[PDB]
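Peer 1:
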Amino acid sequence: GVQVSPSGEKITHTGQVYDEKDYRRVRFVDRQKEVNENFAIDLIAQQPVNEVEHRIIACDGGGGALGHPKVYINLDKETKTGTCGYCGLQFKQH
Amino acid sequence: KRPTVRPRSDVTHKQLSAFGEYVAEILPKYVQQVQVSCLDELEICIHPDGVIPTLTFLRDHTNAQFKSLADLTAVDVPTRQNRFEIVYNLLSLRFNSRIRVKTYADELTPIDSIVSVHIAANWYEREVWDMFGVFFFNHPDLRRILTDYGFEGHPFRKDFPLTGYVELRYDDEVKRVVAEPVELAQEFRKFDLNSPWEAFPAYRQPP
Amino acid sequence: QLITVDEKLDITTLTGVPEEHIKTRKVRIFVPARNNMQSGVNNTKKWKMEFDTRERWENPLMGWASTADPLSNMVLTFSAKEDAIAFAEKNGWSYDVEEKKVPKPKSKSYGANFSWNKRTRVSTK
Amino acid sequence: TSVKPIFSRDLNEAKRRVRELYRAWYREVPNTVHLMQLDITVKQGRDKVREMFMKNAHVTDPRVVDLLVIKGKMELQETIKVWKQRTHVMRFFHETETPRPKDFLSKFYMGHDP
Amino acid sequence: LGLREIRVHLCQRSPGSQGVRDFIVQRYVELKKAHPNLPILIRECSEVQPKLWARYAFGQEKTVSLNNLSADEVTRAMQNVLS
Amino acid sequence: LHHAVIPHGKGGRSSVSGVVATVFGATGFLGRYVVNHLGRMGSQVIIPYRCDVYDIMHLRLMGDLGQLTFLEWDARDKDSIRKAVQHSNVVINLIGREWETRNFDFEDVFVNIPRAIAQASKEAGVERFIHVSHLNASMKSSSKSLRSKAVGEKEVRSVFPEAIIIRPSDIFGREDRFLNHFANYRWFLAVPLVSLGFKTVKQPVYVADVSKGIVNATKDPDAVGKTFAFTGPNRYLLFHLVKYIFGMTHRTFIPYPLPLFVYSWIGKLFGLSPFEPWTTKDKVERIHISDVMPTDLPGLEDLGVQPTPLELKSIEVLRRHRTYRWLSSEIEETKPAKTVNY
Amino acid sequence: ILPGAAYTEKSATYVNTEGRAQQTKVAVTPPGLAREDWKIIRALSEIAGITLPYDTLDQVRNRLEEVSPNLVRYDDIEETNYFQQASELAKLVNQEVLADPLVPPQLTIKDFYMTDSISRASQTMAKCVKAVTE
Ligand SMILES: NC(=O)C1=CN([C@@H]2O[C@H](COP(=O)(O)OP(=O)(O)OC[C@H]3O[C@@H](n4cnc5c(N)ncnc54)[C@H](OP(=O)(O)O)[C@@H]3O)[C@@H](O)[C@H]2O)C=CC1
Ligand SMILES: [Zn+2]
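Rendered as structure tokens:
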């Protein structure tokens, strides 16, 4: 989501961009502002749901000691789905 | 026997308690509150008038040849009216032991100096005067050591701010390293870390 | 020998501070209130002595919080109150003392929850 | 009341030492503007001496006065010798700090401070 | 020029303020009836020496220290303020 | 009034003032004091430059992080000026040479470059513009510098009204080209002076006063369409001024008269110099025309600055020229200069 | 308009219903060119010809002492009296009471979350209203 403002500046995933009259646009003259193009919101949205069989499962990142602490998510609700606090993966049961 | 905890003996404790009784009953005009800790570190506490006699005793006595000054500290405790707790760590080299002599002071109740006993105390007394503001009588030099020459303040006092009251930078108008007042681009972030739970009942203060 | 000094103990000519932070400044002597998140009370029990807060501002580069006073992060601790008044009168600070706030003792009863006549008969358990 | 002295039975015997110190400074200034090539006149150096003396004239405790005399002797040692440079001496004058406005309305126009 | 406010200052238990309490319970109702539009503030405290302020048109405030007074003399000095 | 323009702080470093400024002659003798006085209290200072990056290093300091932005420009290349003044409230013009070059003439320094910056500033929408002409600047003058400065002072007012035109006298500072210029006439065994220096009057001002005046002019609600005479006190006479210089600098004093035409010819042949020359015809003229009485213009005291007298600051700049045997000598051994009112 | 400061941004006194005077402490300074209220009034005064006597906060507190000395007494509730006098002085006037019921303005919780300036300019209180009314 690197849409620009009318002032030409890139906007960050923390929607930050300086106003037109904000004098702090000087520092980007003969220069640019570092912004990361790979937004984690859209990326983790570009990730499917991992269906499971149980009402309670666990989540680490996938490396074990290289991910995040083990947490358990309930999957009794059907209208919505589970979500991890550390990562943003989603789960559902059939 | 337990591995995680530190081993413990009793003979050092008994020896140091005996030597504490020794000093206490041999030097009663000055001595207060001899104490020996869990870790066996003897610790004698002294009236400020007793400094030269006690230090000369522990240096020159035969059963106490404490003829080496290791440290000479000070400790600011704003609560007590006599703020600065002054400390004298010593060692013997004849008995392979240490001792700690302590006195107290204030901003306007100075203490006799110790160069007449331990010449090592010269620069330490200078450091203590500079850092905490304790004047020492009949000292040869007694100027600053560590602070800048044009410096007002005794920094290691607890009522002194960590960042100070003046800041330096060079100016082209006068071509000198002028001293402007203090203005930081990021305030020091004080963290409130102490937990609201009695961790050690043994030190529980009653009301 | 001794001397008979009458006047108030004063030290400001020794401390090496400016006239500004001595005269302009105000001091709050107090026991801090317990954090209502934690049921613990050990962060109480010691009289502290804070200073008045002053202008902080956004640093124009990154947005950090800046200051022009060095007494901002200043906190002292005293076992009692008169010690704190003494330290402040000695160092030349005008002080405001907030008295000690102690919770009222209270009469608890696990049997009042199961009364025949009273309104303490809780509907739950 | 009922306290120990330092170097002074009373305040007059402290003012004695004060005047000795003022004397040493008055006699030292012309040598300090010469040895390290300060760009001031001897008149305003000595006026600075009297200013930094009258910065502490309210005091009446003899002990405080004796300690101030001690610190003045320290600074005089540092200045008689050249342990301190032109920077430290001209630090006294505040040749870069704009005057703190001693008026209400100016403070109100700039800042929340009293 | 003209009177705009009176305000009475006193204590509840200190005896030097005794005379103002009696004066109040005796004459305050009649005085308010005599001067209904006018206010007269009564603000008491634990330990304060009594006073009696009166404010005229500009910020012109004038006091009398009626500490350890009677009630009749309080009434007399108050009428002196009014007049 | 953007929130980033509000002045926060106790008026010092690492604070904010609201004085986002461009300083075009920043790489010089007066620009350094202007930038120092702008950074001392907290204010972003855009510094357009053409010099090497080596000659902007003393300016790299004197500002907290971010409050000093540099960017290169060319007076010949418009679209390098709007780049600078696009983001500012204030624009300060301190450009000026003491000699022509094969590339830049006097018109192309004192007329066309101010006019360009002023057009760009009126288009950008800045709130103030401080121009720096000369006290003696008049279209009816002998020097090309002064007449060009008159033309520019007029044309800047035409194109950018609500401007500010500061008119200083001969400024003196550590690296000036006035007191050091007089003092460097010792390598030659005598100092020439038209009419022996008499019939010439000089009212010189210290740099820091000029800088403080500019720095307050960019903050005062008044001083929006007004001229200023940054003169300094104590109108001196040129012979006695040079005598005070040569007394503070304890060398000698062998003056002698010299007509203006031969001294001008000397200035010309010294101006045949690919480097920064020493003397020039216009410098001679500007040295030998009296300062105007400022009695009909506001000055420093109407802007918040007490003029520092030259007898208070001369030693700082003239001790560089003293020899051993006279270096460690004080200000009170120089029999100060006779003054005039005229 | 003269921008003032909020309770979070000034040391001030607020008397509660009981009469207890309570002291705020400055936590965050006010933003922009906003300043304290009494500071503004004293500055306006100096701009005019009155130049009110006080110039700091302790002086204004002493003035509060002069007017009502109950206000510098922080956390010290004071025991008033003389209700009988008010009764005798209020029985005199005779104004009928209407045959009108008396409903309060804050009747439901809908009316509770927005009764102020800070409260009315707030997203959380508006959210609570949005929740209750839906
Ligand atoms: N004695 C004095 O200093 C007096 C000065 N003034 C006025 O003060 C102002 C500056 O004085 P001063 O600072 O002494 O001048 P300086 O010569 O000291 O510095 C002038 C600045 O102008 C810049 N400059 C010159 N020509 C050009 C150009 N063609 N294109 C781009 N930049 C250019 C230079 O930048 P670079 O070095 O990168 O070329 C230099 O930094 C002038 O307006 C002058 O009239 C008035 C009276 C006396
Ligand atoms: Zn996860």
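Residue numbers (my numbering), protein chains in the order written: chain F, -7 to 86; chain Z, 1086 to 1292; chain D, 44 to 168; chain W, 543 to 656; chain R, 97 to 179; chain H, 33 to 374; chain V, 8 to 141.
All residues carry an ideal CB built from backbone N, CA and C; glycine is no exception.
Can you list every residue whose CB sits closer than 5 Å to some heavy atom of ligand 2, going in chain order?
Peer 2: This criterion selects F:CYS51, F:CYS76, F:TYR78, F:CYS79.
Peer 1: Which residue comes first and which comes last in the beta strand (DSSP E) that contains Z:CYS1130?
Peer 2: Counting along the chain, the beta strand (DSSP E) containing Z:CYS1130 begins and ends at 1127 to 1131.
Peer 1: Is H:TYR86 near ligand 1, going by C-beta to nearest heavy atom under 7 Å?
Peer 2: No, since every heavy atom of ligand 1 falls outside the 7 Å radius drawn around the Cβ of H:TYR86.
Peer 1: Buried or exposed: where does W:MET596 fall if 16 or more other Cβ atoms within 10 Å of its Cβ makes it buried?
Peer 2: Its Cβ having fewer than 16 others within 10 Å, W:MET596 is exposed.
Peer 1: Buried or exposed for H:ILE203, please, with buried defined as at least 16 other CB atoms from any protein chain shown within 10 angstroms of its CB.
Peer 2: It is buried - the Cβ of H:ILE203 has at least 16 other Cβ atoms within 10 Å.
Peer 1: Check whether the Cβ of Z:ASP1257 sits closer than 7 Å to any heavy atom of ligand 1, and report yes or no.
Peer 2: No, ligand 1 has no heavy atom inside 7 Å of this Cβ.
Peer 1: Can you name the start and end residues of the beta strand (DSSP E) that F:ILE65 belongs to?
Peer 2: First-last of the beta strand (DSSP E) with F:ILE65: 63 to 66.
Peer 1: Going by the beta-carbon positions, is the gap between Z:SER1198 and Z:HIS1224 smaller than 8 Å?
Peer 2: Yes, they are a contact pair.
Peer 1: Using only alpha-carbon positions, find the residue among Z:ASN1167, Z:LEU1112, Z:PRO1163, Z:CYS1130 that is nearest to Z:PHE1142.
Peer 2: Of the listed residues, the one whose Cα sits closest to Z:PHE1142 is Z:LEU1112.
Peer 1: Looking only at C-alpha atoms, which of Z:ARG1254, Z:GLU1170, Z:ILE1230, Z:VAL1262 sits nearest to Z:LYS1243?
Peer 2: For the residues Z:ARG1254, Z:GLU1170, Z:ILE1230, Z:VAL1262, the minimum Cα distance to Z:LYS1243 belongs to Z:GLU1170.
Peer 1: Using only alpha-carbon positions, find the residue among H:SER360, H:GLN151, H:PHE293 that is nearest to H:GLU348.
Peer 2: Ranking H:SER360, H:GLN151, H:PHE293 by Cα distance to H:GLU348 puts H:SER360 first.
Peer 1: Can you say whether Z:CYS1123 is buried or exposed, counting buried as having 16 or more other CB atoms within 10 angstroms of its CB?
Peer 2: Exposed, since its Cβ has fewer than 16 Cβ neighbours within 10 Å.
Peer 1: Could you name the residues that DSSP lists as bridge partners for R:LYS147?
Peer 2: Its beta-bridge partners are R:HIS105.
Peer 1: In chain Z, which residues lie less than 8 Å from W:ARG605 when you measure between Cβ atoms?
Peer 2: Ordered by position in chain Z, the residues that pass the 8 Å Cβ test against W:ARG605 are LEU1193.
Peer 1: Where do the N-terminal and C-terminal ends of the beta strand (DSSP E) with residue 542 of chain W fall, by residue?
Peer 2: No answer is possible for residue 542 of chain W: the residues shown for chain W start at 543 and end at 656.
Peer 1: Report the rounded CA-to-CA distance for D:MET80 versus Z:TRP1282, giving the unit in angstroms.
Peer 2: Each residue's alpha carbon lies about 13 Å from the other.
Peer 1: Measure how close the beta-carbons of H:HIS119 and F:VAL18 come, nearest whole angstrom, since I'm counting them as under 8 Å.
Peer 2: Contact flag correct, Cβ pair sits at about 5 Å.
Peer 1: In the DSSP assignment, find the unbroken alpha helix (DSSP H) run with residue 40 of chain R in it and report its ends.
Peer 2: No answer is possible for residue 40 of chain R: it lies beyond the span of chain R, which begins at 97 and ends at 179.
Peer 1: Tell me whether V:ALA12 counts as near ligand 1, meaning its Cβ is closer than 7 Å to at least one heavy atom of that ligand.
Peer 2: Incorrect: V:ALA12 has no Cβ contact closer than 7 Å to ligand 1.
Peer 1: Compare the beta carbon distance of H:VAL226 and H:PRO291 with 8 Å and say whether it is the shorter of the two.
Peer 2: The answer is yes: Cβ separation under 8 Å.
Peer 1: If you check the beta carbons only, do D:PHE121 and D:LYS89 fall under 8 Å apart?
Peer 2: Going by C-beta atoms, D:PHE121 is nearer than 8 Å to D:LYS89.
Peer 1: Compare the C-alpha of H:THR284 against each of H:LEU93, H:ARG218, H:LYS244 and name the closest.
Peer 2: Ranking the options by Cα distance to H:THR284, first place goes to H:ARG218.
Peer 1: Should F:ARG47 be labelled buried (16 or more other beta-carbon atoms within 10 Å of its own) or exposed?
Peer 2: By the 10 Å Cβ count, F:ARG47 comes out exposed.
Peer 1: Since H:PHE262 and H:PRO309 are thought to touch, with beta carbons under 8 Å apart, how far apart are those beta carbons, to the nearest angstrom?
Peer 2: Actually they do not touch by this definition, with Cβ atoms about 26 Å apart.
Peer 1: Could you have a look at H:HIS163 and say whether DSSP puts it in helix, strand or coil?
Peer 2: Strand.
Peer 1: Could you tell me whether the Cβ of H:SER46 comes closer than 8 Å to any Cβ of chain Z?
Peer 2: With 8 Å as the cut-off, H:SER46 counts as an interface residue toward chain Z.
Peer 1: In the DSSP output, which residue or residues are listed as bridge partners for D:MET92?
Peer 2: Answer is D:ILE72, D:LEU119, bridged to D:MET92.
Peer 1: Using three-state DSSP, classify F:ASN42 as helix, strand or coil.
Peer 2: Strand at F:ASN42.
Peer 1: Taking any Cβ of chain W, which residues in the segment 45 to 67 of chain V have a Cβ under 9 Å from it, in chain order?
Peer 2: Under the 9 Å Cβ criterion, the segment 45 to 67 of chain V contributes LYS46, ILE47, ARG49, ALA50, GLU53, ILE54, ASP62, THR63, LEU64.
Peer 1: In terms of alpha-carbon separation, which member of Z:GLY1249, Z:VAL1267, Z:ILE1196, Z:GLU1128 lies closest to Z:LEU1176?
Peer 2: Closest by alpha carbon: Z:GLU1128.
Peer 1: With 9 Å as the limit, tell me which residues of the segment 93 to 114 of chain D have their beta carbon closer than that to any beta carbon of chain C; keep them in chain order.
Peer 2: The question asks about chain C, but that chain is absent: this structure's protein chains are F, Z, D, W, R, H and V.
Peer 1: DSSP three-state call for H:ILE246: helix, strand or coil?
Peer 2: Looking at H:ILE246 - three-state DSSP - the assignment turns out to be helix.
Peer 1: Kindly examine ligand 1 and report whether one of its heavy atoms sits closer than 7 Å to the Cβ of H:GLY331.
Peer 2: Answer for H:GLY331: no, Cβ out of range of ligand 1.
Peer 1: Measuring alpha carbon to alpha carbon, tell me which residue in V:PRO10, V:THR131, V:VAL22 is nearest V:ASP82.
Peer 2: Comparing Cα-Cα distances from V:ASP82 to each of V:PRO10, V:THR131, V:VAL22, the minimum goes to V:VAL22.
Peer 1: How would you label Z:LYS1275, buried or exposed, when you count the other beta carbons within 10 angstroms and need 16 or more for buried?
Peer 2: Flag for Z:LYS1275 reads exposed.
Peer 1: I'd like to check one pair, H:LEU350 with H:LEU178: are the Cβ atoms closer than 8 Å?
Peer 2: Not a contact, by the Cβ cut-off of 8 Å.
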